[PDB]
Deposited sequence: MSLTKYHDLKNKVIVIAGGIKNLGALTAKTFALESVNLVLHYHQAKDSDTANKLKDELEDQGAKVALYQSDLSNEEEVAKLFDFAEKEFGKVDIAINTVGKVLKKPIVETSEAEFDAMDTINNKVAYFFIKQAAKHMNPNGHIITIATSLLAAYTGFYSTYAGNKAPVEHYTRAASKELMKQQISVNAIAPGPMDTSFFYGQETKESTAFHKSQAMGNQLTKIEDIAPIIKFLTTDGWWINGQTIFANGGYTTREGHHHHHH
């Protein structure tokens, strides 16, 4: 019931072409794995195809899928696309919602909170749609970040924690793992979607937790892992 081998496996990553998502894909592509990589913005197609090209040279298969990924319909169609090309999904990873198009200085507390409500809704739909297209012994992982909590500095050590726990209970019979990782304060660049000492969480510290949870950490279920180095504020 534990994965002896992670090859021939089907993996969906929402936001899988840059930042945490791309690093997560490279970590999985050490074995002969089937990656469907989602990306939000159509202009990032050359970054996606560059990554596709190097991951194919890692010995992995790569299907790309662009979408705004903002409603249940668009989320459903991501997993439809996944099933169409590789068959039923084994591992689904939600790494990022939509990023900031405005400077943080020019954004208010209400419009940050509204961005959270949208991202929470999409993450709920991601979990729901993953499971309906998923093999038994499968894994769902949401990367829990709050734009409002990052702006005000109030990090906890929460909707996605509630969706994670409730969905793990409901998918117990289907034998699907549902977990979340909540990183500590990160660099401003990631929330624009770009990339003194550092008390900041790096993506290099989050990616191997994702790989672990789907492999040797398979018994962790219903959990939100806070990975922040002990730093709760910035």
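Peer 1: Which deposited-sequence positions, grouped into ranges, are missing C-alpha coordinates?
Peer 2: Missing from the model are residues 1-3, 161-165, 204-215, 255-262.
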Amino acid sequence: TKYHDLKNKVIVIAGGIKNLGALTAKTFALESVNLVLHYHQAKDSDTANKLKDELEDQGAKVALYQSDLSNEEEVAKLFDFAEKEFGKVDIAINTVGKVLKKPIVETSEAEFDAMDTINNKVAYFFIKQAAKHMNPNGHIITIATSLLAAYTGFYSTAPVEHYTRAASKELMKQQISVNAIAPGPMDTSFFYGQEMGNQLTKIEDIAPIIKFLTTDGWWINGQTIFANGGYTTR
From here on, numbers count along this sequence of modelled residues.
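Peer 1: Do the CA atoms of 132-140 or those of 96-104 have the higher mean B-factor in the entry?
Peer 2: Taking the mean B-factor of the alpha carbons in each, 96-104 is higher.
Peer 1: Is the mean CA B factor in the deposited entry higher across 196-204 or across 176-184?
Peer 2: Per the deposited B-factors, the answer is 196-204.
Peer 1: Sort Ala60, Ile209, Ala167, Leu64 by C-alpha B-factor from the entry and give me just the highest.
Peer 2: Highest C-alpha B-factor among the listed options: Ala60.
Peer 1: Going by the entry, which third of its chain does the Cα temperature factor of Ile127 land in?
Peer 2: Its C-alpha B-factor, which the entry lists for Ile127, ranks in the lowest third among residues of this chain.
Peer 1: Just say lowest, middle or highest third for the CA B-factor of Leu35 relative to the other modelled residues in its chain.
Peer 2: Its C-alpha B-factor, which the entry lists for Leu35, ranks in the middle third among residues of this chain.
Peer 1: Based on the entry's values, in what third of the chain does the Cα temperature factor of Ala110 lie: lowest, middle or highest?
Peer 2: Middle third, going by the recorded CA B-factors of the chain.
Peer 1: Quick check for you: using the entry's CA B-factors within this chain, is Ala149 in the lowest, middle or highest third?
Peer 2: It belongs to the highest third of the chain when residues are ordered by C-alpha B-factor.
Peer 1: In terms of the CA temperature factor given in the entry, to which third of its chain does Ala158 belong: lowest, middle or highest?
Peer 2: For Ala158, the deposited C-alpha B-factor lands in the highest third.
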